[PDB]
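Only one chain comes next, encoded as structure tokens, the form deposited in one PDB entry.
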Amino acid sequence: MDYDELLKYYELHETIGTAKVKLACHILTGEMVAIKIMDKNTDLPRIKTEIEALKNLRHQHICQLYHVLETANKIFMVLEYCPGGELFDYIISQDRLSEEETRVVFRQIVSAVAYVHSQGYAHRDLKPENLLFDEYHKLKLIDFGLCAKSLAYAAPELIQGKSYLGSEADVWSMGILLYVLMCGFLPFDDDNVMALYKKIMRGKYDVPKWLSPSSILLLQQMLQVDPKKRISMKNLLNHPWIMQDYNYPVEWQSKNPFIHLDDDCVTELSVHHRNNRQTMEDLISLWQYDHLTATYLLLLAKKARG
């Protein structure tokens, strides 16, 4: 009953995570996808929150939603294939990243998060387990279930149950991410939850000898307990540390459109439909996140590889 519809469009491969995640192949294009499987009667608002955000967000550093399928018991989300693994696993594998490798990764995180804020959203659960590498070793932001329109990464105001601005909470989380990338351990860490809570509230952390003066200053600018003292996203885009070795601000605007359609992909898609080109373009432009949406976006991913 639950897998009947999904099997009309996808050939299932193995479970990789237990939401349960399955790898699969889109039958029509032959493209690999990841499928997130969530049970309705085992948080339903968290599923609807993520779906609503992903239907509205489309960006080179956000893991793309292709197709949404629903049954009485399950909701399936067909998503962009990211075989490079979690950033969390990558940092551990490397112990810690150099300042230069941290900047490569961090500029991509800044790009995705600045775009999310530009769209009127705040992620609210930024952490290395929520950033994946695709086949090109480019980062993709995942899990928009807690977004607004993990304790080690949470801003002090957010833990205290106080009112907060989502953008300020994201800037603090990005500061914790920045520290983890360059150190390979958390700035606030404890086995006891209350002792961790105390450490976050105090905002004091050890500064390893390998951190450069510029890294230390950026960390200080992001890790401010008072949210009004944290750096704004606008100032993060062209921060001196961010610009070092690059000399251009972070490109945060989306390169992945809703309006423009790719002519080659429209042609490839149209051969599978008993409709003219203009009818197919108008249907694609409705972005229903049905099989048509998945087919078009997967053909765009196939084109990108070549």
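Note that residue numbering begins at 1 and tracks the sequence as displayed. Just so we're on the same page, rigid core means the largest C-alpha set that superposes within 1.5 Å between forms.
Checked against the other entries of this protein, residue 162 counts as unresolved in at least one third of those spanning it. Residue 43, though modelled here, lacks coordinates in at least a third of the other entries of this protein that were compared and that model residues flanking it. Going from residue 42 to residue 43, you skip over 1 to 3 residues of the deposited sequence that the entry leaves unmodelled. Coordinates are lacking for 1 to 3 deposited residues between residue 18 and residue 19. With 54 to 62 and 256 to 264 compared on mean CA B-factor from the PDB entry, the stretch scoring higher is 256 to 264.
The stretch with the higher mean CA B factor, choosing between 108 to 116 and 76 to 84, is 76 to 84. Based on the entry's C-alpha B-factors, the most elevated value among 130, 150, 102, 167 belongs to 150. In this PDB entry, the Cα temperature factor of residue 138 sits in the middle third of its chain's modelled residues. In the PDB entry, a CA B factor belonging to the lowest third of its chain's modelled residues is recorded for residue 179. Compared with the other modelled residues of the chain, the Cα B-factor recorded for residue 214 ranks in the highest third. For residue 89, the recorded CA B-factor ranks within the middle third of the chain. Only modelled residues enter the ranking. Compared with the other modelled residues of the chain, the Cα B-factor recorded for residue 26 ranks in the middle third.
One more form of this protein, deposited in another entry, exists but is not displayed; see below.
Residue displacement note: residue 245 has its CA displaced by under 2 Å between this form and the one not shown (rigid core superposed).
Core-superposed comparison between this form and the one not shown: CA of residue 261 displaced by 2 Å or more.
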